[PDB]
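Each remark here refers to the structure printed beneath this line.
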There are 6 protein chains.
Amino acid sequence: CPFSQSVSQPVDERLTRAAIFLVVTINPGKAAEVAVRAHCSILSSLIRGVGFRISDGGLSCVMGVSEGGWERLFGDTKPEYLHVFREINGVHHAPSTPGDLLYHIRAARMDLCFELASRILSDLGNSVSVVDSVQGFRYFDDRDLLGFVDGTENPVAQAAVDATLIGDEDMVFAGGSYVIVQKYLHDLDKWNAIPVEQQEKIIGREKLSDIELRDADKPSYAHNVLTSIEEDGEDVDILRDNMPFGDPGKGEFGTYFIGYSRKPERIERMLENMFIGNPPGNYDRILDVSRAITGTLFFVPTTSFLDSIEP
Amino acid sequence: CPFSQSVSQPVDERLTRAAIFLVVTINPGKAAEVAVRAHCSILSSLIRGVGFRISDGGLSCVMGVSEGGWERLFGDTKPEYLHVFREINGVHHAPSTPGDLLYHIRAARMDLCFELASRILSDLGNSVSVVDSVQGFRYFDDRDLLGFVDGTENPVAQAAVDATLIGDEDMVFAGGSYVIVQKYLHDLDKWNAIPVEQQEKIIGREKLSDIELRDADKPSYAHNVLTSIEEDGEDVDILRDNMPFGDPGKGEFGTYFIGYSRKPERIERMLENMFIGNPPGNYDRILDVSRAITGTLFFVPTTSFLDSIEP
Amino acid sequence: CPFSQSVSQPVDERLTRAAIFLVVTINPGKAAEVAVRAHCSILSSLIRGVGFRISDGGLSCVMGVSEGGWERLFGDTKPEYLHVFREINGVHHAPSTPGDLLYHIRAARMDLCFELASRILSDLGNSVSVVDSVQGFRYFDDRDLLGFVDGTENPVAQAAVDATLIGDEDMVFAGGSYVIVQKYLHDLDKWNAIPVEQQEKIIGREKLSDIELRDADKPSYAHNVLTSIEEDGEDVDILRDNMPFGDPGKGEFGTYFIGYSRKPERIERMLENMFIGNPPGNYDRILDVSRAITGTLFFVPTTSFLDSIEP
Amino acid sequence: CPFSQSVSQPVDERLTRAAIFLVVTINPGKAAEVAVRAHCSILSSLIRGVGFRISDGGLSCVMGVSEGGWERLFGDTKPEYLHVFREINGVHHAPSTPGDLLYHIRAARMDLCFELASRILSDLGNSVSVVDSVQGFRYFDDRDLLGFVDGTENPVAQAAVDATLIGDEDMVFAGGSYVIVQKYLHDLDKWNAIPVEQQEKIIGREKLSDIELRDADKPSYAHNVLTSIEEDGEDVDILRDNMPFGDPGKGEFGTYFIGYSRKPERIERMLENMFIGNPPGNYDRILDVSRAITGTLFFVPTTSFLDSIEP
Amino acid sequence: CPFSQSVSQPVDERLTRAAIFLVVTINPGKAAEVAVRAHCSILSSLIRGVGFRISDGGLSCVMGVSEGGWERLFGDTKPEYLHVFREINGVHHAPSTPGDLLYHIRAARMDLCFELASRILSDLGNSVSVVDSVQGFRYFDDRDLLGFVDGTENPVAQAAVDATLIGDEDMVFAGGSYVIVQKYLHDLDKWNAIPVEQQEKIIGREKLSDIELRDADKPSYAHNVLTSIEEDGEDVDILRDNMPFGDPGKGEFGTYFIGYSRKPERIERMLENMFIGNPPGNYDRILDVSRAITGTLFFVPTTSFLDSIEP
Amino acid sequence: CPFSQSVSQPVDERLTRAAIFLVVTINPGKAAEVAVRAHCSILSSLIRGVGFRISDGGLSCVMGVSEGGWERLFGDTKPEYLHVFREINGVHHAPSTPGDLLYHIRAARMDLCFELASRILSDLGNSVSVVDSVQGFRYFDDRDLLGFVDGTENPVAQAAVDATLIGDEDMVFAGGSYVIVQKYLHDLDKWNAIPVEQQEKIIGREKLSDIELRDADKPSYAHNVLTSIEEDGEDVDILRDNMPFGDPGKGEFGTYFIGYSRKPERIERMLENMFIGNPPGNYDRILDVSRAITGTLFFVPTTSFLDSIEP
Ligand code: HEM
Ligand code: HEM
Ligand code: HEM
Ligand code: HEM
């Protein structure tokens with residue numbers, strides 16, 4: 001019975017009022033690998049120490065390893081579906097970016113994430129180089145920067161566990177997951193110039209009432225229509241924890257999309273439908289106001305596996 | 001009876017869990033001045049609209065105008081003590097930076113400050129250029145990044161009103177104030193290498209217990225000793241709302257110092273004592289781990305005066 | 001593994017600060033049946049949409065179908081214990097009232113229940129006719145209008161699951177339940193004229209201390225004595241969520257009794273003991289100040305069964 | 001220094017999550033007048049007793065007396081502006097309804113208002129007859145049933161005191177106020193069929209962002225334009241505490257408008273502008289979906305005056 | 001304008017969930033007096049330091065000096081009404097106990113009071129000897145150990161200020177107050193054996209409903225009747241903050257009565273009415289189940305006076 | 001499936017803001033045993049009644065029986081590891097104290113524990129004699145009186161269940177546990193005189209940051225090093241709920257250590273390592289400032305076993 005990381009529990013508990021996405025790369029050399037492998041076993045103790053002081057803080061941290069990082073750190077067989085993120089070249093472009101270790105830190109207060117990230121980076125020292133560091137926050141009542149409520153159709157409780165945690169398909173990694181991260185920059189002026197009814201149709205839900213739309217009223221290019229896919233005749237869901245972020249001073253507004261799954265094929269299919277179009281040419285209008293500049297895939301191993309690594 | 005801005009009330013209410021310091025400069029041309037003057041009268045309506053939706057949000061915004069901005073916008077006589085911030089050249093350097101308008105936004109949640117700053121910048125458009133935009137947050141239990149509780153000796157209720165709000169010295173501006181803003185970048189590795197007793201003596205208070213030290217145990221260069229000054233034989237206090245800020249990914253850690261007063265002479269004297277030393281050469285050791293890179297002085301007029309400007 | 005509705009979880013979580021009981025009847029005609037069957041599959045999506053926006057809202061909705069409604073909607077075999085509620089003619093009368101669909105909506109705030117009920121009724125349109133619509137609220141510290149704490153002896157966690165959810169007795173409906181609803185109108189003047197010790201003995205517990213009474217001090221007609229019944233030599237419990245309601249202007253005060261079980265025989269036996277008396281003539285004095293005007297029985301199917309209906 | 005009732009303090013404190021408007025008429029006979037006059041002096045003790053038990057409950061009650069009630073109860077000179085509410089016959093009709101005593105009860109929980117109203121009605125007994133009894137609740141984030149945030153432009157702190165409390169114009173009643181109550185029933189289907197931009201223009205603010213509109217974009221019949229009036233060249237504000245209410249089962253949806261002032265002439269002018277039109281024929285479109293069925297004017301005396309009445 | 005201590009503000013704010021009453025005596029010798037006089041000026045700094053860390057903690061501390069302590073510490077003229085507490089010998093006995101300094105510490109959490117008391121005692125060292133140290137806590141919903149709600153008839157806001165703070169009767173001490181402290185030990189078995197109606201009549205209010213009783217139903221020996229006294233034909237109120245306390249293990253149950261006034265004559269008259277009887281022989285039945293073992297009177301000077309003492 | 005008591009659930013839920021440890025002895029005679037056996041079956045009903053009224057109160061009570069109490073009450077075979085606590089005579093002394101029944105009461109408020117303890121003692125009457133009664137409270141942010149965060153390394157969720165609840169080693173008592181209680185009195189003056197770095201090394205963690213220390217920096221006598229033991233090559237954890245307590249007036253400061261386990265051998269080994277030393281002579285320095293005066297071992301049976309006892 002391998003203990004799994006806090007992947008779906010924080011979402012269901014619904015306490016993440018602040019988050020930090022930290023994508024770092026391992027510097028060349030064996031010493032950096034040794035330092036990272038040593039810090040792997042103490043990550044859990046750091047998590048407990050940093051978040052025990054602030055009760056009801058909901059502090060959690062998910063560590064993910066990409067294909068290159070896993071090749072550099074653990075040379076044993078890799079998971080079945082672990083591979084470099086595939087770029088998509090359709091009506092829009094989804095680039096692939098370097099990354100070896102992903103730290104997704106969530107807490108009910110920003111200071112907890114700040115302290116945990118500072119401790120992690122200080123312990124890692126010069127062994128890693130920070131590639132991306134995004135500080136996301138909950139915007140109003142679970143709304144994103146486009147004004148629409150996000151996260152409604154996420155699976156809850158047992159459904160989330162069945163959708164994210166890997167079963168017996170890859171026993172040697174039972175309890176792991178696959179995470180896909182992307183960063184979108186929004187064109188708020190263009191979105192705001194769009195009439196409210198057009199946004200109504202594009203998203204496929206309602207703005208204020210957050211109630212869905214009837215199948216007779218949702219066009220073929222609705223966001224929730226293109227992202228609805230099925231396997232073996234049954235609909236399969238993924239866990240999303242998109243977080244708004246930005247800096248007003250530089251005029252930067254964006255959303256950090258993060259998706260957990262037991263199979264990255266589902267998320268890749270959803271990305272293909274959104275970018276290439278299903279059928280081709282029928283792309284999602286959301287990409288007309290949102291630009292993707294960062295995208296990567298990581299593997300999330302079990303907590304016991306992390307605690308079982310010897311330097 | 002001129003209505004004063006929310007200068008001391010937010011501090012006493014103690015609800016600022018997040019803040020944004022936005023220092024912008026007015027672009028050359030009369031059109032930019034006209035746009036700023038028009039937005040001046042609608043700032044209050046924007047504040048009310050943005051912060052009424054989130055009850056117990058504690059949203060407040062203080063707008064300050066520097067000497068150059070006041071000269072460009074209102075050509076009538078200026079306040080008595082409004083002048084360009086004086087740089088200090090002692091054992092350390094405190095630079096002076098350009099700035100025309102200061103927006104100090106405070107709220108119990110980050111999203112309110114985000115929305116207010118975005119609305120203000122969108123309304124201002126191209127008339128202003130953003131010089132500095134710092135997002136500060138409350139760190140643990142009112143502690144700064146150095147680990148010491150900050151804000152203990154702030155005046156409360158009537159004392160704060162008497163210390164910040166201008167009396168009859170400049171009737172034509174009764175209800176205004178002077179605000180001095182600085183940005184400090186910390187060297188946390190050097191501070192952490194310092195023994196706990198040395199930090200104990202340098203700050204002049206205790207770390208955990210936050211209790212003061214006896215006058216027989218505080219050296220002449222204690223931080224709370226050098227910052228204690230008197231006028232006409234009576235001690236005079238200032239209102240401080242320093243806010244920690246930073247980005248772990250770039251390794252940036254700092255504190256945004258903000259000080260309100262009825263007379264900037266007090267804050268300038270405190271800065272002279274800290275940097276030059278009282279007596280000279282006996283500087284505060286805090287500057288040995290903190291570097292000042294931004295410093296400016298602004299004037300905060302009354303709410304009625306802001307509402308009374310005609311474009 | 002059929003997913004069960006939120007029957008016992010809201011009670012154990014203890015967040016229902018407001019509730020709406022909506023008993024409606026299906027209008028004659030096949031079109032109304034088709035509309036209800038279509039709305040059955042979208043009820044869950046409506047629930048999620050309406051209650052995701054208000055975090056920690058605890059919004060839940062239980063839909064129940066009576067014998068006539070089940071006969072009109074699904075013509076396949078009915079559950080084993082689904083039948084028209086039996087009226088009781090003893091010292092008091094418990095009438096039976098028409099009803100086809102029951103909506104029990106619970107939330108921590110009244111507005112969520114209001115929005116959900118409005119959406120449900122708007123979607124149903126003219127296909128249904130509202131028979132009863134009662135808005136109940138939590139009165140002080142879980143007290144009913146008679147001044148006594150109610151809900152103390154409810155089963156918690158696993159006991160509630162074993163008492164409410166149907167096991168293998170009716171496999172084809174595993175995960176369902178039976179719900180019995182009644183509406184009582186109180187005579188508060190008569191109850192208040194009764195001495196505190198007489199109410200002490202009638203209820204069988206204490207008023208303020210909410211502690212029980214010794215078996216030597218509880219008469220044979222104590223409320224908690226007559227409602228304590230056993231099956232096969234073992235005591236069996238039922239889940240109750242009685243909610244006070246009323247309108248001061250019309251002088252209307254009452255309690256909405258709702259009871260969930262895996263077998264309605266237990267609740268019917270409890271009703272027989274309370275009304276007819278055990279032994280006959282030894283009725284509960286609570287009925288001397290409370291009048292029952294509405295009573296109905298419904299069947300609560302599983303969430304998966306509701307989602308699996310095709311129009 | 002006459003102590004004033006909690007007229008503006010509850011609004012500024014912003015804790016009214018539930019309210020009850022109870023309009024009753026005094027039955028003919030001297031005994032009813034004597035009973036009401038006796039209960040007048042014990043109303044404050046009842047208020048304290050009922051609301052002291054639930055800390056942070058924010059329980060308050062405002063008692064108002066109409067012209068007829070004041071004539072029947074106190075035969076001394078009446079306030080200057082106390083008169084029967086004037087009906088308005090323009091494009092829409094605003095009826096006048098009987099009423100002698102008004103009880104506006106507000107609390108953070110519904111049960112407190114329930115208990116206070118029940119106690120008041122029980123103490124009054126048969127001396128009064130209930131004419132209207134409306135239970136209002138806060139809908140989502142201070143939004144009314146039309147989906148727009150209401151209460152943004154209300155005066156706060158000293159402005160509210162100067163707008164509601166009577167000064168020296170009628171010394172003998174210093175500290176009193178005038179309250180105008182109306183009940184509106186909404187046609188939600190017609191409002192919802194209206195496009196979002198048309199509602200945008202009709203209300204004069206924005207829906208989600210709750211930010212105002214520029215004077216170049218608000219038509220002459222915007223709701224906030226017609227309700228903006230001035231006295232002696234200065235804009236004068238009134239205090240509004242409109243509360244949504246309704247029953248889904250009967251399909252009843254409405255808003256209870258309540259307005260406090262030091263002079264009812266302002267509210268009457270606002271009503272004339274909304275109904276007759278300014279200029280005539282340019283009425284507010286809100287009345288096209290809202291029907292007024294109840295409207296009355298009451299006088300709110302000081303707490304000391306209420307405590308000083310001898311039976 | 002002398003600043004007054006937090007005497008009435010904590011009660012009106014209603015945040016005291018825990019309190020510590022510490023009555024200590026000054027050891028003989030001039031050194032103890034010097035140490036106490038030195039700690040007097042740093043008490044405020046200690047208060048701020050100890051309670052700034054726990055936001056919304058509501059930490060306050062009132063220091064009072066008795067007649068002997070004032071004679072030993074300050075040899076200048078004493079307040080007009082400062083004298084040794086007078087023992088009362090009627091049907092019951094109210095003893096007088098030694099005491100020089102009184103510390104009434106209040107906070108929303110017990111740990112704050114613990115820390116403040118520990119710091120005060122550590123700073124005082126051997127200069128003082130602890131006579132009494134009682135840890136009181138709020139019992140349920142502002143109820144005392146007898147089951148009745150206490151504190152309902154306390155003056156609020158301006159009335160409390162006028163009742164507690166000394167006016168111009170003793171200018172040299174404007175802003176001070178007089179505090180009377182007593183400790184009562186309850187006989188809960190005897191009180192519980194008393195019927196609920198007899199307790200109803202003895203207290204003079206209701207138990208659950210906390211509503212008063214009509215003057216025709218309250219006997220002459222009701223607790224709220226004997227404690228209602230008038231000066232110059234006008235009723236005068238006092239501020240009470242009675243706190244339940246006890247230890248179950250030793251079977252000790254009691255109430256710590258504390259009363260603030262601008263004139264101790266009112267509290268002494270109330271004590272005479274309760275113990276001797278008004279008329280004599282008509283004593284309060286509360287003393288039949290409560291025994292007084294400690295009683296003392298102290299003077300509370302202004303905060304500025306405390307800060308102005310030089311060792 | 002025997003239902004287990006609330007042993008690990010309250011700790012994981014993290015709501016114990018107040019606790020009472022009540023160690024009592026059974027008086028000689030069969031009547032006392034009969035009374036205790038009768039109260040055993042009603043303890044659960046008392047718990048539910050006392051803690052249902054205060055929602056989110058987190059009230060729980062654990063009843064434990066020592067070897068002598070179990071011999072006097074139930075004469076059937078005892079658990080495998082139930083025995084009298086063994087005193088330890090090394091560099092320090094850990095005494096053994098009499099005790100028959102242990103009541104560990106926990107709640108989010110002190111009043112709930114007070115009421116429950118009072119009810120339990122009143123029901124027990126003269127059948128038991130109170131030996132120890134300690135009222136503990138949470139000190140600041142889960143810190144003990146020594147200033148270090150305590151409870152960080154406690155097992156959570158499934159690990160706690162596996163560490164505390166007895167498996168199949170003693171089937172007849174499956175679901176029980178063993179609890180070891182000790183009372184330590186602290187010498188705060190000696191601890192405070194110790195430099196912060198020496199406390200840093202003695203505890204083995206950090207004070208403010210609550211982060212652990214590297215194995216190269218923790219000496220052999222670190223507290224967390226000596227208390228880390230293994231069974232069969234695997235580390236085994238125990239559940240600790242130490243609670244600070246004391247009385248400032250008497251200068252009494254201490255910590256009540258409580259430890260739950262499926263095997264008391266682990267706790268006895270930890271005590272031997274701390275007191276005797278591992279290797280001998282290398283004792284924990286914590287005992288140099290803390291004195292143990294009370295120590296006892298009890299057995300905690302299942303809830304079903306308690307409910308199944310017949311008087
Ligand atoms: C800036 C980027 C995006 C934004 C602002 C956005 C926004 C939204 C919103 C508002 C909804 C409806 C609320 C809900 O269903 O919970 C939604 C639905 C959804 N989106 Fe996105 N989305 C973005 C990108 C993506 C991407 C890249 C994916 C997958 C690779 C994705 C997958 C989904 C899924 C699975 C749903 C649920 C629809 C359903 O279950 O019917 N989204 N999105
Ligand atoms: C206006 C109607 C009623 C009121 C005010 C009322 C009130 C109460 C109260 C105050 C208690 C004790 C608190 C508690 O046990 O949690 C209780 C117990 C109980 N009542 Fe009711 N009751 C009503 C009707 C009913 C009905 C109609 C039934 C069943 C058909 C019922 C079944 C029970 C049960 C099972 C218990 C638990 C007793 C035990 O477990 O020993 N009640 N009731
Ligand atoms: C164990 C001791 C006492 C207990 C349990 C107790 C309890 C109560 C209670 C329950 C009330 C009604 C609640 C309220 O009026 O707020 C009350 C009223 C009052 N008591 Fe006490 N009391 C005690 C001793 C005293 C003493 C010694 C005094 C004065 C020296 C006093 C002065 C008052 C006053 C002024 C009132 C307000 C009555 C009114 O305003 O009409 N009490 N007491
Ligand atoms: C006054 C007495 C004691 C105090 C103040 C104290 C304090 C502490 C502190 C601050 C920690 C580190 C925080 C943590 O690990 O959660 C700790 C660790 C621990 N202590 Fe204690 N302790 C005391 C007595 C004991 C005793 C008597 C035992 C066992 C019989 C014990 C067993 C443990 C254990 C198991 C740990 C966890 C260490 C680890 O998992 O590596 N403690 N103690």
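The chains in the structure tokens are called A, B, ... from first to last as shown; in each chain the residues are counted from 1, and the ligands are counted from 1 in the order shown.
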- Exercise answer, chain A residues close to chain C, 9 Å and only C-alpha atoms, as a list in words: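 So the contacting residues turn out to be residues 14, 141, 142, 143, 149, 151, 152, 153, 209, 210, 211 and 212 of chain A.
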Would you export the selected residues with N, CA, C and O atoms as a short mmCIF file (atom, residue, chain, number, x, y, z; two decimals), in the first residue's frame, please?
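Contents of out-v5.cif, freshly written:
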data_model
loop_
_atom_site.label_atom_id
_atom_site.label_comp_id
_atom_site.auth_asym_id
_atom_site.auth_seq_id
_atom_site.Cartn_x
_atom_site.Cartn_y
_atom_site.Cartn_z
N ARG A 14 -10.60 22.05 -0.80
CA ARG A 14 -10.87 23.42 -1.24
C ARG A 14 -10.36 24.43 -0.21
O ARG A 14 -11.13 25.14 0.44
N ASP A 141 -14.44 34.63 -6.24
CA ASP A 141 -15.08 33.37 -5.88
C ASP A 141 -14.78 32.30 -6.93
O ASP A 141 -15.62 31.91 -7.74
N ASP A 142 -13.53 31.83 -6.89
CA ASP A 142 -13.04 30.76 -7.76
C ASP A 142 -13.18 31.12 -9.24
O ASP A 142 -13.37 30.24 -10.08
N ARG A 143 -13.10 32.40 -9.56
CA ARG A 143 -13.15 32.86 -10.94
C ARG A 143 -11.74 33.09 -11.47
O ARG A 143 -10.83 33.46 -10.73
N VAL A 149 -16.33 31.22 -13.85
CA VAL A 149 -15.98 30.28 -12.79
C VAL A 149 -15.33 29.05 -13.40
O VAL A 149 -15.83 28.47 -14.37
N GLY A 151 -13.31 25.22 -12.69
CA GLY A 151 -13.21 24.11 -11.78
C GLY A 151 -14.51 23.43 -11.41
O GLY A 151 -14.50 22.57 -10.52
N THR A 152 -15.62 23.78 -12.06
CA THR A 152 -16.92 23.25 -11.67
C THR A 152 -17.01 21.75 -11.96
O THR A 152 -17.46 20.97 -11.11
N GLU A 153 -16.57 21.33 -13.14
CA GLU A 153 -16.73 19.95 -13.59
C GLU A 153 -15.60 19.04 -13.13
O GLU A 153 -15.41 17.97 -13.72
N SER A 209 -24.45 33.14 -13.20
CA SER A 209 -25.16 31.98 -12.68
C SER A 209 -24.33 30.69 -12.73
O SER A 209 -24.69 29.74 -12.03
N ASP A 210 -23.25 30.65 -13.51
CA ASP A 210 -22.35 29.50 -13.56
C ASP A 210 -23.13 28.20 -13.86
O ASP A 210 -22.75 27.10 -13.47
N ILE A 211 -24.29 28.33 -14.50
CA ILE A 211 -25.09 27.17 -14.88
C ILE A 211 -24.75 26.85 -16.32
O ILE A 211 -24.37 27.72 -17.10
N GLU A 212 -24.86 25.57 -16.69
CA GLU A 212 -24.44 25.18 -18.03
C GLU A 212 -25.47 25.64 -19.06
O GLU A 212 -26.48 26.28 -18.75
#
- Counting only C-alpha atoms, what is within 6 Å of residue 298 in chain B, bar same-chain residues fewer than 3 positions away, as a ChimeraX atom specification? /B:64-66,178-179
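On the backbone of this structure, DSSP gives strand (DSSP E or B) within range 53-145 of chain A to residues 60, 61, 62, 63, 64, 65, 88, 89, 93, 94, 101, 102, 103, 104, 105, 106, 107, 128, 129, 130, 131, 132, 133, 134, 135, 136, 137, 139 and 143 of chain A.
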Dump C-alpha atoms for the selected residues as a PDB file, in the first residue's frame?
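The new file again.pdb reads:
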ATOM      1  CA  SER A  60       0.728  20.796   0.443  1.00  0.00           C
ATOM      2  CA  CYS A  61       3.518  20.330  -2.073  1.00  0.00           C
ATOM      3  CA  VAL A  62       3.640  18.074  -5.128  1.00  0.00           C
ATOM      4  CA  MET A  63       7.041  17.229  -6.596  1.00  0.00           C
ATOM      5  CA  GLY A  64       7.205  16.029 -10.181  1.00  0.00           C
ATOM      6  CA  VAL A  65      10.089  14.755 -12.282  1.00  0.00           C
ATOM      7  CA  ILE A  88       1.278  21.080 -31.158  1.00  0.00           C
ATOM      8  CA  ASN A  89       1.342  22.979 -34.465  1.00  0.00           C
ATOM      9  CA  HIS A  93       1.314  26.909 -31.219  1.00  0.00           C
ATOM     10  CA  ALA A  94       1.880  25.227 -27.848  1.00  0.00           C
ATOM     11  CA  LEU A 101      11.771  19.314 -11.285  1.00  0.00           C
ATOM     12  CA  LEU A 102       8.321  20.774 -10.633  1.00  0.00           C
ATOM     13  CA  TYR A 103       7.185  22.025  -7.219  1.00  0.00           C
ATOM     14  CA  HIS A 104       3.466  22.783  -6.931  1.00  0.00           C
ATOM     15  CA  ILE A 105       2.997  24.396  -3.506  1.00  0.00           C
ATOM     16  CA  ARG A 106      -0.503  25.198  -2.236  1.00  0.00           C
ATOM     17  CA  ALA A 107      -1.670  26.834   0.981  1.00  0.00           C
ATOM     18  CA  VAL A 128      19.433  23.669  -9.485  1.00  0.00           C
ATOM     19  CA  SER A 129      18.649  26.670 -11.675  1.00  0.00           C
ATOM     20  CA  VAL A 130      15.221  28.291 -11.466  1.00  0.00           C
ATOM     21  CA  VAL A 131      13.497  28.293 -14.856  1.00  0.00           C
ATOM     22  CA  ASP A 132       9.998  29.476 -13.912  1.00  0.00           C
ATOM     23  CA  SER A 133       8.532  30.774 -10.650  1.00  0.00           C
ATOM     24  CA  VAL A 134       4.863  31.793 -10.778  1.00  0.00           C
ATOM     25  CA  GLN A 135       2.883  33.038  -7.769  1.00  0.00           C
ATOM     26  CA  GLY A 136      -0.818  32.356  -8.279  1.00  0.00           C
ATOM     27  CA  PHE A 137      -3.747  33.443  -6.130  1.00  0.00           C
ATOM     28  CA  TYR A 139      -9.394  35.456  -7.749  1.00  0.00           C
ATOM     29  CA  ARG A 143     -13.150  32.859 -10.943  1.00  0.00           C
TER      30      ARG A 143
END
- Nearby residues (only C-alpha atoms) at most 7 Å from residue 203 in chain E, same-chain spacing under 6 positions excluded, as a PyMOL selection string: chain E and resi 222-224
- Counting only C-alpha atoms, what is within 10 Å of residue 80 in chain B, bar same-chain residues fewer than 5 positions away, as a PyMOL selection string? chain B and resi 169-170+173+263
- Task: Excluding residue 229 in chain D and any residue of its chain fewer than 5 positions from it, enumerate the residues within 8 Å of it, using only C-alpha atoms, and give them as a ChimeraX atom specification.
- Result: /D:235-236,266,270
Selected residues written out, C-alpha atoms, as a PDB file, in the first residue's frame:
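Okay, result-v8.pdb is ready:
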ATOM      1  CA  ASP D 235     -25.970  66.588  -3.772  1.00  0.00           C
ATOM      2  CA  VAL D 236     -27.822  64.956  -0.872  1.00  0.00           C
ATOM      3  CA  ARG D 266     -35.752  63.767  -0.924  1.00  0.00           C
ATOM      4  CA  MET D 270     -36.639  60.415  -6.093  1.00  0.00           C
TER       5      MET D 270
END
- Task: May I ask for the distance between CA of residue 205 in chain A and atom 13 (C, counted along the ligand's line) of ligand 1, given in Å to one decimal place?
- Result: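 About the pair CA of residue 205 in chain A and atom 13 (C, counted along the ligand's line) of ligand 1: they are 7.1 Å apart.
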- Item | All alpha helix (DSSP H) positions in range 81-304 of chain D, as JSON, numbers by chain | {"D": [110, 111, 112, 113, 114, 115, 116, 117, 118, 119, 120, 121, 122, 123, 124, 158, 159, 160, 161, 162, 163, 164, 188, 189, 190, 191, 192, 193, 196, 197, 198, 199, 200, 201, 202, 203, 223, 224, 225, 226, 264, 265, 266, 267, 268, 269, 270, 271, 272, 273, 274, 275, 303, 304]}
